[PDB]
Amino acid sequence: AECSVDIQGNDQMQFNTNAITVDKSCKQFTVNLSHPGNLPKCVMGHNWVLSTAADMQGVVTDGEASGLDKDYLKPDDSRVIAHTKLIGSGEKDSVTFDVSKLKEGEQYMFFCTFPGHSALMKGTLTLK
Ligand SMILES: [Cu+2]
């Protein structure tokens, strides 16, 4: 029925949800990210990245190393299934991905690659 969901990353380094469920009927899925708080992109920026759980660490490691002008994401990274832009306070961004590529029942992981956030800003994403 509904293939979208609005998520938030506040100035406390946290997402307002830690688990997403994609409905079996959804052929594509949308996540609209927004940033409540007062802090700037260089201090408390967030993004939304999807990858398999096993790929997370690498994606972060290389992400952080990728630097800011790169939305803390290795450019052209094959491990990234989907991702938004790194956004600062008072901003928003959205991404819509191809569900047919997802493996039903596989618990994927989504998270922010901004330095030091992933440990606390991560969660599951499962296709029902
Ligand atoms: Cu973050």
# chains A, B, ... in the order shown; residues from 1 in each chain; ligands from 1
>>> residues_around(residues="residue 83 in chain A", least_positions_apart="6", cutoff="8 Å", atoms="only C-alpha atoms", output="ChimeraX atom specification")
/A:47-50,95
>>> residues_near_ligand(ligand="ligand 1", cutoff="8 Å", atoms="only C-alpha atoms and all ligand atoms", output="PDB file with N, CA, C and O atoms, in the first residue's frame")
ATOM      1  N   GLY A   9      16.883  13.023  11.324  1.00  0.00           N
ATOM      2  CA  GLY A   9      18.173  12.953  11.990  1.00  0.00           C
ATOM      3  C   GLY A   9      18.334  14.294  12.684  1.00  0.00           C
ATOM      4  O   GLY A   9      18.599  15.312  12.025  1.00  0.00           O
ATOM      5  N   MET A  13      22.364  13.419  16.935  1.00  0.00           N
ATOM      6  CA  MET A  13      23.004  12.301  16.250  1.00  0.00           C
ATOM      7  C   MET A  13      22.117  11.058  16.271  1.00  0.00           C
ATOM      8  O   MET A  13      22.577   9.959  16.590  1.00  0.00           O
ATOM      9  N   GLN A  14      20.846  11.228  15.927  1.00  0.00           N
ATOM     10  CA  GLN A  14      19.944  10.099  15.935  1.00  0.00           C
ATOM     11  C   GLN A  14      18.822  10.177  14.909  1.00  0.00           C
ATOM     12  O   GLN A  14      18.388  11.261  14.521  1.00  0.00           O
ATOM     13  N   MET A  44      26.971  18.511  12.170  1.00  0.00           N
ATOM     14  CA  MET A  44      25.985  17.455  12.405  1.00  0.00           C
ATOM     15  C   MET A  44      25.239  17.044  11.143  1.00  0.00           C
ATOM     16  O   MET A  44      24.030  16.858  11.185  1.00  0.00           O
ATOM     17  N   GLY A  45      25.957  16.894  10.030  1.00  0.00           N
ATOM     18  CA  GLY A  45      25.325  16.508   8.778  1.00  0.00           C
ATOM     19  C   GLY A  45      24.914  15.047   8.748  1.00  0.00           C
ATOM     20  O   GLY A  45      25.567  14.189   9.345  1.00  0.00           O
ATOM     21  N   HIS A  46      23.819  14.746   8.062  1.00  0.00           N
ATOM     22  CA  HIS A  46      23.379  13.363   7.979  1.00  0.00           C
ATOM     23  C   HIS A  46      23.014  13.010   6.555  1.00  0.00           C
ATOM     24  O   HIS A  46      22.741  13.880   5.732  1.00  0.00           O
ATOM     25  N   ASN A  47      23.023  11.718   6.276  1.00  0.00           N
ATOM     26  CA  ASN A  47      22.621  11.210   4.980  1.00  0.00           C
ATOM     27  C   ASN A  47      21.989   9.858   5.285  1.00  0.00           C
ATOM     28  O   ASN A  47      22.000   9.400   6.443  1.00  0.00           O
ATOM     29  N   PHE A 111      21.972   3.697   7.244  1.00  0.00           N
ATOM     30  CA  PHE A 111      22.743   4.446   8.227  1.00  0.00           C
ATOM     31  C   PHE A 111      23.318   5.733   7.653  1.00  0.00           C
ATOM     32  O   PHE A 111      23.295   5.954   6.434  1.00  0.00           O
ATOM     33  N   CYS A 112      23.841   6.573   8.546  1.00  0.00           N
ATOM     34  CA  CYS A 112      24.473   7.820   8.156  1.00  0.00           C
ATOM     35  C   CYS A 112      25.970   7.540   8.152  1.00  0.00           C
ATOM     36  O   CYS A 112      26.496   6.942   9.094  1.00  0.00           O
ATOM     37  N   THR A 113      26.653   7.956   7.089  1.00  0.00           N
ATOM     38  CA  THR A 113      28.089   7.734   6.977  1.00  0.00           C
ATOM     39  C   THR A 113      28.881   8.900   7.524  1.00  0.00           C
ATOM     40  O   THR A 113      30.103   8.846   7.578  1.00  0.00           O
ATOM     41  N   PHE A 114      28.196   9.961   7.934  1.00  0.00           N
ATOM     42  CA  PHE A 114      28.908  11.097   8.505  1.00  0.00           C
ATOM     43  C   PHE A 114      29.746  10.580   9.672  1.00  0.00           C
ATOM     44  O   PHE A 114      29.267   9.829  10.522  1.00  0.00           O
ATOM     45  N   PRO A 115      31.017  10.991   9.733  1.00  0.00           N
ATOM     46  CA  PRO A 115      31.971  10.586  10.780  1.00  0.00           C
ATOM     47  C   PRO A 115      31.404  10.455  12.190  1.00  0.00           C
ATOM     48  O   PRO A 115      30.872  11.409  12.741  1.00  0.00           O
ATOM     49  N   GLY A 116      31.514   9.259  12.755  1.00  0.00           N
ATOM     50  CA  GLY A 116      31.044   9.015  14.108  1.00  0.00           C
ATOM     51  C   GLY A 116      29.551   8.861  14.336  1.00  0.00           C
ATOM     52  O   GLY A 116      29.118   8.701  15.477  1.00  0.00           O
ATOM     53  N   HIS A 117      28.760   8.904  13.273  1.00  0.00           N
ATOM     54  CA  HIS A 117      27.318   8.769  13.421  1.00  0.00           C
ATOM     55  C   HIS A 117      26.794   7.345  13.261  1.00  0.00           C
ATOM     56  O   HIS A 117      25.880   6.931  13.978  1.00  0.00           O
ATOM     57  N   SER A 118      27.375   6.608  12.318  1.00  0.00           N
ATOM     58  CA  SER A 118      26.949   5.247  12.019  1.00  0.00           C
ATOM     59  C   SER A 118      26.746   4.330  13.209  1.00  0.00           C
ATOM     60  O   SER A 118      25.823   3.521  13.220  1.00  0.00           O
ATOM     61  N   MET A 121      23.481   5.927  14.387  1.00  0.00           N
ATOM     62  CA  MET A 121      22.452   6.173  13.389  1.00  0.00           C
ATOM     63  C   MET A 121      22.470   5.067  12.333  1.00  0.00           C
ATOM     64  O   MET A 121      23.033   5.215  11.242  1.00  0.00           O
TER      65      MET A 121
END
>>> atom_distance(atom1="CA of residue 93 in chain A", atom2="CA of residue 62 in chain A")
22.0 Å
>>> residues_around(residues="residue 100 in chain A", least_positions_apart="4", cutoff="12 Å", atoms="only C-alpha atoms", output="number ranges by chain")
A: 22-29, 81, 104, 127-128
>>> write_last_selection(atoms="C-alpha atoms", output="CSV table (one decimal), in the first residue's frame")
chain,number,residue,atom,x,y,z
A,22,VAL,CA,9.1,-2.4,2.6
A,23,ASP,CA,5.7,-3.7,1.6
A,24,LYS,CA,5.6,-6.7,-0.7
A,25,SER,CA,3.5,-4.8,-3.1
A,26,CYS,CA,6.0,-1.9,-3.5
A,27,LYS,CA,7.9,-2.0,-6.8
A,28,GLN,CA,10.0,1.1,-5.8
A,29,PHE,CA,10.5,2.6,-2.3
A,81,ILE,CA,22.2,0.1,-3.0
A,104,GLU,CA,12.8,-10.7,0.4
A,127,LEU,CA,11.4,-6.5,2.3
A,128,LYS,CA,8.3,-8.3,3.6
>>> select_by_dssp(residues="range 70-127 of chain A", states="helix (DSSP H, G or I)", output="NGL selection string")
:A and (70 or 99-101)
>>> write_last_selection(atoms="N, CA and C atoms", output="mmCIF file, in the first residue's frame")
data_model
loop_
_atom_site.group_PDB
_atom_site.id
_atom_site.type_symbol
_atom_site.label_atom_id
_atom_site.label_comp_id
_atom_site.auth_asym_id
_atom_site.auth_seq_id
_atom_site.Cartn_x
_atom_site.Cartn_y
_atom_site.Cartn_z
ATOM 1 N N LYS A 70 32.271 15.123 -0.652
ATOM 2 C CA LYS A 70 31.766 13.898 -1.274
ATOM 3 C C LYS A 70 30.580 13.253 -0.568
ATOM 4 N N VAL A 99 13.044 -1.809 -5.567
ATOM 5 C CA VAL A 99 12.758 -2.905 -4.656
ATOM 6 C C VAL A 99 12.962 -4.298 -5.226
ATOM 7 N N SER A 100 12.719 -4.450 -6.521
ATOM 8 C CA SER A 100 12.882 -5.742 -7.177
ATOM 9 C C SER A 100 14.303 -6.288 -7.040
ATOM 10 N N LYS A 101 15.259 -5.417 -6.731
ATOM 11 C CA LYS A 101 16.651 -5.837 -6.554
ATOM 12 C C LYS A 101 16.864 -6.363 -5.136
#
>>> atom_distance(atom1="CA of residue 77 in chain A", atom2="CA of residue 59 in chain A")
7.9 Å
>>> residues_around(residues="residue 38 in chain A", least_positions_apart="2", cutoff="12 Å", atoms="only C-alpha atoms", output="ChimeraX atom specification")
/A:9-12,35-36,40-41,43-45,88-91
>>> closest_residue(among="A:119, A:42, A:87, A:125", to="residue 5 in chain A", atoms="only C-alpha atoms")
A:125
>>> residues_around(residues="residue 55 in chain A", least_positions_apart="2", cutoff="10 Å", atoms="only C-alpha atoms", output="list in words")
residues 50, 51, 52, 53, 57, 58, 59, 60, 79, 80, 108 and 109 of chain A
>>> atom_distance(atom1="CA of residue 4 in chain A", atom2="CA of residue 84 in chain A")
14.2 Å
>>> select_by_dssp(residues="chain A", states="strand (DSSP E or B)", output="JSON, numbers by chain")
{"A": [4, 5, 6, 7, 8, 9, 10, 14, 15, 19, 20, 21, 22, 28, 29, 30, 31, 32, 33, 34, 46, 49, 50, 51, 82, 83, 87, 92, 93, 94, 95, 96, 97, 98, 107, 108, 109, 110, 111, 122, 123, 124, 125, 126, 127]}
>>> residues_around(residues="residue 71 in chain A", least_positions_apart="2", cutoff="8 Å", atoms="only C-alpha atoms", output="ChimeraX atom specification")
/A:47,66-69,73,85-86,114
>>> write_last_selection(atoms="N, CA, C and O atoms", output="PDB file, in the first residue's frame")
ATOM      1  N   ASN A  47      23.023  11.718   6.276  1.00  0.00           N
ATOM      2  CA  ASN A  47      22.621  11.210   4.980  1.00  0.00           C
ATOM      3  C   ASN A  47      21.989   9.858   5.285  1.00  0.00           C
ATOM      4  O   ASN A  47      22.000   9.400   6.443  1.00  0.00           O
ATOM      5  N   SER A  66      36.232   9.374   2.419  1.00  0.00           N
ATOM      6  CA  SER A  66      35.868  10.090   1.211  1.00  0.00           C
ATOM      7  C   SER A  66      35.802  11.590   1.387  1.00  0.00           C
ATOM      8  O   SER A  66      35.856  12.341   0.411  1.00  0.00           O
ATOM      9  N   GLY A  67      35.682  12.040   2.625  1.00  0.00           N
ATOM     10  CA  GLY A  67      35.634  13.469   2.848  1.00  0.00           C
ATOM     11  C   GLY A  67      34.285  14.106   2.590  1.00  0.00           C
ATOM     12  O   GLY A  67      33.450  13.563   1.870  1.00  0.00           O
ATOM     13  N   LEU A  68      34.103  15.293   3.167  1.00  0.00           N
ATOM     14  CA  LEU A  68      32.862  16.062   3.086  1.00  0.00           C
ATOM     15  C   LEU A  68      32.343  16.475   1.706  1.00  0.00           C
ATOM     16  O   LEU A  68      31.180  16.236   1.385  1.00  0.00           O
ATOM     17  N   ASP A  69      33.176  17.100   0.885  1.00  0.00           N
ATOM     18  CA  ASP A  69      32.706  17.514  -0.433  1.00  0.00           C
ATOM     19  C   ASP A  69      32.099  16.334  -1.189  1.00  0.00           C
ATOM     20  O   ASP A  69      31.482  16.525  -2.237  1.00  0.00           O
ATOM     21  N   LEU A  73      30.735   9.593   1.074  1.00  0.00           N
ATOM     22  CA  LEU A  73      30.427   8.368   0.374  1.00  0.00           C
ATOM     23  C   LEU A  73      31.432   8.123  -0.710  1.00  0.00           C
ATOM     24  O   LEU A  73      31.635   8.987  -1.560  1.00  0.00           O
ATOM     25  N   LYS A  85      21.793  12.642  -0.166  1.00  0.00           N
ATOM     26  CA  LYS A  85      22.892  13.579  -0.079  1.00  0.00           C
ATOM     27  C   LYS A  85      23.113  13.833   1.405  1.00  0.00           C
ATOM     28  O   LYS A  85      22.215  13.650   2.221  1.00  0.00           O
ATOM     29  N   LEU A  86      24.316  14.231   1.764  1.00  0.00           N
ATOM     30  CA  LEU A  86      24.570  14.546   3.146  1.00  0.00           C
ATOM     31  C   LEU A  86      23.890  15.916   3.313  1.00  0.00           C
ATOM     32  O   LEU A  86      24.163  16.843   2.557  1.00  0.00           O
ATOM     33  N   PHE A 114      28.196   9.961   7.934  1.00  0.00           N
ATOM     34  CA  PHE A 114      28.908  11.097   8.505  1.00  0.00           C
ATOM     35  C   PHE A 114      29.746  10.580   9.672  1.00  0.00           C
ATOM     36  O   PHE A 114      29.267   9.829  10.522  1.00  0.00           O
TER      37      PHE A 114
END
>>> closest_residue(among="A:3, A:102, A:82, A:56", to="residue 126 in chain A", atoms="only C-alpha atoms")
A:102
>>> residues_around(residues="residue 65 in chain A", least_positions_apart="4", cutoff="8 Å", atoms="only C-alpha atoms", output="list in words")
residues 61, 72 and 74 of chain A
>>> write_last_selection(atoms="N, CA, C and O atoms", output="PDB file, in the first residue's frame")
ATOM      1  N   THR A  61      33.815   3.169   6.413  1.00  0.00           N
ATOM      2  CA  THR A  61      35.254   3.365   6.395  1.00  0.00           C
ATOM      3  C   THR A  61      35.648   4.187   5.186  1.00  0.00           C
ATOM      4  O   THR A  61      36.253   5.239   5.318  1.00  0.00           O
ATOM      5  N   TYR A  72      30.367  12.204   2.282  1.00  0.00           N
ATOM      6  CA  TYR A  72      30.951  11.058   2.971  1.00  0.00           C
ATOM      7  C   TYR A  72      30.593   9.698   2.387  1.00  0.00           C
ATOM      8  O   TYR A  72      30.214   8.767   3.108  1.00  0.00           O
ATOM      9  N   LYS A  74      32.074   6.963  -0.695  1.00  0.00           N
ATOM     10  CA  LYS A  74      33.002   6.675  -1.771  1.00  0.00           C
ATOM     11  C   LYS A  74      32.214   6.919  -3.048  1.00  0.00           C
ATOM     12  O   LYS A  74      31.109   6.420  -3.211  1.00  0.00           O
TER      13      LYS A  74
END
>>> closest_residue(among="A:21, A:30, A:107, A:8", to="residue 92 in chain A", atoms="only C-alpha atoms")
A:8
>>> decode(residues="range 38-85 of chain A", atoms="N, CA and C atoms", output="PDB file, in the first residue's frame")
ATOM      1  N   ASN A  38      19.612  22.908  14.915  1.00  0.00           N
ATOM      2  CA  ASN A  38      20.157  24.188  14.493  1.00  0.00           C
ATOM      3  C   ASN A  38      21.551  24.062  13.883  1.00  0.00           C
ATOM      4  N   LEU A  39      22.222  22.946  14.158  1.00  0.00           N
ATOM      5  CA  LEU A  39      23.590  22.715  13.688  1.00  0.00           C
ATOM      6  C   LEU A  39      23.802  22.531  12.185  1.00  0.00           C
ATOM      7  N   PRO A  40      24.949  23.018  11.668  1.00  0.00           N
ATOM      8  CA  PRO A  40      25.363  22.963  10.259  1.00  0.00           C
ATOM      9  C   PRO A  40      25.885  21.624   9.754  1.00  0.00           C
ATOM     10  N   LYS A  41      25.907  21.502   8.430  1.00  0.00           N
ATOM     11  CA  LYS A  41      26.348  20.303   7.742  1.00  0.00           C
ATOM     12  C   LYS A  41      27.747  19.826   8.151  1.00  0.00           C
ATOM     13  N   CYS A  42      28.672  20.749   8.401  1.00  0.00           N
ATOM     14  CA  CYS A  42      30.030  20.334   8.754  1.00  0.00           C
ATOM     15  C   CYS A  42      30.150  19.779  10.167  1.00  0.00           C
ATOM     16  N   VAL A  43      29.146  20.059  10.987  1.00  0.00           N
ATOM     17  CA  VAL A  43      29.139  19.610  12.373  1.00  0.00           C
ATOM     18  C   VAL A  43      28.209  18.430  12.652  1.00  0.00           C
ATOM     19  N   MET A  44      26.971  18.511  12.170  1.00  0.00           N
ATOM     20  CA  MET A  44      25.985  17.455  12.405  1.00  0.00           C
ATOM     21  C   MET A  44      25.239  17.044  11.143  1.00  0.00           C
ATOM     22  N   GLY A  45      25.957  16.894  10.030  1.00  0.00           N
ATOM     23  CA  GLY A  45      25.325  16.508   8.778  1.00  0.00           C
ATOM     24  C   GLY A  45      24.914  15.047   8.748  1.00  0.00           C
ATOM     25  N   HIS A  46      23.819  14.746   8.062  1.00  0.00           N
ATOM     26  CA  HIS A  46      23.379  13.363   7.979  1.00  0.00           C
ATOM     27  C   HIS A  46      23.014  13.010   6.555  1.00  0.00           C
ATOM     28  N   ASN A  47      23.023  11.718   6.276  1.00  0.00           N
ATOM     29  CA  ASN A  47      22.621  11.210   4.980  1.00  0.00           C
ATOM     30  C   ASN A  47      21.989   9.858   5.285  1.00  0.00           C
ATOM     31  N   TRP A  48      21.407   9.241   4.265  1.00  0.00           N
ATOM     32  CA  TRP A  48      20.765   7.945   4.433  1.00  0.00           C
ATOM     33  C   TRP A  48      21.371   7.003   3.410  1.00  0.00           C
ATOM     34  N   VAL A  49      22.038   5.954   3.889  1.00  0.00           N
ATOM     35  CA  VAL A  49      22.691   4.983   3.016  1.00  0.00           C
ATOM     36  C   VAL A  49      22.167   3.554   3.230  1.00  0.00           C
ATOM     37  N   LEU A  50      21.917   2.839   2.135  1.00  0.00           N
ATOM     38  CA  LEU A  50      21.403   1.480   2.218  1.00  0.00           C
ATOM     39  C   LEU A  50      22.429   0.526   1.643  1.00  0.00           C
ATOM     40  N   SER A  51      22.649  -0.572   2.339  1.00  0.00           N
ATOM     41  CA  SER A  51      23.585  -1.569   1.877  1.00  0.00           C
ATOM     42  C   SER A  51      23.259  -2.813   2.674  1.00  0.00           C
ATOM     43  N   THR A  52      23.904  -3.918   2.326  1.00  0.00           N
ATOM     44  CA  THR A  52      23.687  -5.150   3.057  1.00  0.00           C
ATOM     45  C   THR A  52      24.398  -4.918   4.367  1.00  0.00           C
ATOM     46  N   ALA A  53      24.019  -5.664   5.397  1.00  0.00           N
ATOM     47  CA  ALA A  53      24.649  -5.529   6.701  1.00  0.00           C
ATOM     48  C   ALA A  53      26.157  -5.802   6.607  1.00  0.00           C
ATOM     49  N   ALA A  54      26.515  -6.866   5.900  1.00  0.00           N
ATOM     50  CA  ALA A  54      27.907  -7.246   5.729  1.00  0.00           C
ATOM     51  C   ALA A  54      28.767  -6.158   5.045  1.00  0.00           C
ATOM     52  N   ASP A  55      28.134  -5.308   4.239  1.00  0.00           N
ATOM     53  CA  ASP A  55      28.852  -4.251   3.537  1.00  0.00           C
ATOM     54  C   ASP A  55      28.951  -2.953   4.327  1.00  0.00           C
ATOM     55  N   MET A  56      28.114  -2.783   5.345  1.00  0.00           N
ATOM     56  CA  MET A  56      28.132  -1.539   6.086  1.00  0.00           C
ATOM     57  C   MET A  56      29.498  -0.990   6.448  1.00  0.00           C
ATOM     58  N   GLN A  57      30.244  -1.682   7.301  1.00  0.00           N
ATOM     59  CA  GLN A  57      31.544  -1.160   7.726  1.00  0.00           C
ATOM     60  C   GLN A  57      32.411  -0.572   6.607  1.00  0.00           C
ATOM     61  N   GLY A  58      32.679  -1.367   5.576  1.00  0.00           N
ATOM     62  CA  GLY A  58      33.495  -0.890   4.476  1.00  0.00           C
ATOM     63  C   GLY A  58      32.970   0.424   3.934  1.00  0.00           C
ATOM     64  N   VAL A  59      31.666   0.450   3.663  1.00  0.00           N
ATOM     65  CA  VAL A  59      30.973   1.627   3.128  1.00  0.00           C
ATOM     66  C   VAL A  59      31.186   2.853   3.997  1.00  0.00           C
ATOM     67  N   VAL A  60      31.270   2.638   5.307  1.00  0.00           N
ATOM     68  CA  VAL A  60      31.486   3.725   6.254  1.00  0.00           C
ATOM     69  C   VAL A  60      32.946   4.149   6.195  1.00  0.00           C
ATOM     70  N   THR A  61      33.815   3.169   6.413  1.00  0.00           N
ATOM     71  CA  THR A  61      35.254   3.365   6.395  1.00  0.00           C
ATOM     72  C   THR A  61      35.648   4.187   5.186  1.00  0.00           C
ATOM     73  N   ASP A  62      35.282   3.705   4.009  1.00  0.00           N
ATOM     74  CA  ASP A  62      35.609   4.398   2.775  1.00  0.00           C
ATOM     75  C   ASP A  62      34.817   5.691   2.654  1.00  0.00           C
ATOM     76  N   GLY A  63      33.623   5.695   3.241  1.00  0.00           N
ATOM     77  CA  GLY A  63      32.785   6.878   3.211  1.00  0.00           C
ATOM     78  C   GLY A  63      33.461   8.015   3.954  1.00  0.00           C
ATOM     79  N   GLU A  64      33.715   7.804   5.245  1.00  0.00           N
ATOM     80  CA  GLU A  64      34.376   8.811   6.071  1.00  0.00           C
ATOM     81  C   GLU A  64      35.632   9.292   5.355  1.00  0.00           C
ATOM     82  N   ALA A  65      36.473   8.355   4.933  1.00  0.00           N
ATOM     83  CA  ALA A  65      37.703   8.705   4.230  1.00  0.00           C
ATOM     84  C   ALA A  65      37.416   9.550   2.989  1.00  0.00           C
ATOM     85  N   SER A  66      36.232   9.374   2.419  1.00  0.00           N
ATOM     86  CA  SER A  66      35.868  10.090   1.211  1.00  0.00           C
ATOM     87  C   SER A  66      35.802  11.590   1.387  1.00  0.00           C
ATOM     88  N   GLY A  67      35.682  12.040   2.625  1.00  0.00           N
ATOM     89  CA  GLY A  67      35.634  13.469   2.848  1.00  0.00           C
ATOM     90  C   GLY A  67      34.285  14.106   2.590  1.00  0.00           C
ATOM     91  N   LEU A  68      34.103  15.293   3.167  1.00  0.00           N
ATOM     92  CA  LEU A  68      32.862  16.062   3.086  1.00  0.00           C
ATOM     93  C   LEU A  68      32.343  16.475   1.706  1.00  0.00           C
ATOM     94  N   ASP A  69      33.176  17.100   0.885  1.00  0.00           N
ATOM     95  CA  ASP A  69      32.706  17.514  -0.433  1.00  0.00           C
ATOM     96  C   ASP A  69      32.099  16.334  -1.189  1.00  0.00           C
ATOM     97  N   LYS A  70      32.271  15.123  -0.652  1.00  0.00           N
ATOM     98  CA  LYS A  70      31.766  13.898  -1.274  1.00  0.00           C
ATOM     99  C   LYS A  70      30.580  13.253  -0.568  1.00  0.00           C
ATOM    100  N   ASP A  71      29.926  14.004   0.311  1.00  0.00           N
ATOM    101  CA  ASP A  71      28.779  13.481   1.041  1.00  0.00           C
ATOM    102  C   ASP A  71      29.182  12.177   1.677  1.00  0.00           C
ATOM    103  N   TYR A  72      30.367  12.204   2.282  1.00  0.00           N
ATOM    104  CA  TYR A  72      30.951  11.058   2.971  1.00  0.00           C
ATOM    105  C   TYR A  72      30.593   9.698   2.387  1.00  0.00           C
ATOM    106  N   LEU A  73      30.735   9.593   1.074  1.00  0.00           N
ATOM    107  CA  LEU A  73      30.427   8.368   0.374  1.00  0.00           C
ATOM    108  C   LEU A  73      31.432   8.123  -0.710  1.00  0.00           C
ATOM    109  N   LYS A  74      32.074   6.963  -0.695  1.00  0.00           N
ATOM    110  CA  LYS A  74      33.002   6.675  -1.771  1.00  0.00           C
ATOM    111  C   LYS A  74      32.214   6.919  -3.048  1.00  0.00           C
ATOM    112  N   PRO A  75      32.757   7.715  -3.962  1.00  0.00           N
ATOM    113  CA  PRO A  75      31.963   7.911  -5.169  1.00  0.00           C
ATOM    114  C   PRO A  75      31.870   6.602  -5.941  1.00  0.00           C
ATOM    115  N   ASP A  76      30.773   6.432  -6.679  1.00  0.00           N
ATOM    116  CA  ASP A  76      30.524   5.243  -7.500  1.00  0.00           C
ATOM    117  C   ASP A  76      30.780   3.928  -6.755  1.00  0.00           C
ATOM    118  N   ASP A  77      30.234   3.837  -5.550  1.00  0.00           N
ATOM    119  CA  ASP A  77      30.405   2.663  -4.713  1.00  0.00           C
ATOM    120  C   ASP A  77      29.321   1.634  -5.039  1.00  0.00           C
ATOM    121  N   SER A  78      29.741   0.446  -5.471  1.00  0.00           N
ATOM    122  CA  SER A  78      28.812  -0.629  -5.817  1.00  0.00           C
ATOM    123  C   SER A  78      28.087  -1.249  -4.603  1.00  0.00           C
ATOM    124  N   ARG A  79      28.651  -1.076  -3.412  1.00  0.00           N
ATOM    125  CA  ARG A  79      28.034  -1.607  -2.210  1.00  0.00           C
ATOM    126  C   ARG A  79      26.804  -0.798  -1.833  1.00  0.00           C
ATOM    127  N   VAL A  80      26.763   0.458  -2.264  1.00  0.00           N
ATOM    128  CA  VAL A  80      25.627   1.302  -1.952  1.00  0.00           C
ATOM    129  C   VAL A  80      24.465   0.960  -2.857  1.00  0.00           C
ATOM    130  N   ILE A  81      23.383   0.505  -2.244  1.00  0.00           N
ATOM    131  CA  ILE A  81      22.173   0.139  -2.955  1.00  0.00           C
ATOM    132  C   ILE A  81      21.409   1.415  -3.237  1.00  0.00           C
ATOM    133  N   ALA A  82      21.362   2.278  -2.235  1.00  0.00           N
ATOM    134  CA  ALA A  82      20.671   3.545  -2.360  1.00  0.00           C
ATOM    135  C   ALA A  82      21.306   4.532  -1.392  1.00  0.00           C
ATOM    136  N   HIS A  83      21.082   5.826  -1.600  1.00  0.00           N
ATOM    137  CA  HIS A  83      21.650   6.840  -0.711  1.00  0.00           C
ATOM    138  C   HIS A  83      21.160   8.227  -1.069  1.00  0.00           C
ATOM    139  N   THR A  84      21.172   9.110  -0.071  1.00  0.00           N
ATOM    140  CA  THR A  84      20.752  10.489  -0.254  1.00  0.00           C
ATOM    141  C   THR A  84      22.000  11.338  -0.243  1.00  0.00           C
ATOM    142  N   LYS A  85      21.793  12.642  -0.166  1.00  0.00           N
ATOM    143  CA  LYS A  85      22.892  13.579  -0.079  1.00  0.00           C
ATOM    144  C   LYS A  85      23.113  13.833   1.405  1.00  0.00           C
TER     145      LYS A  85
END
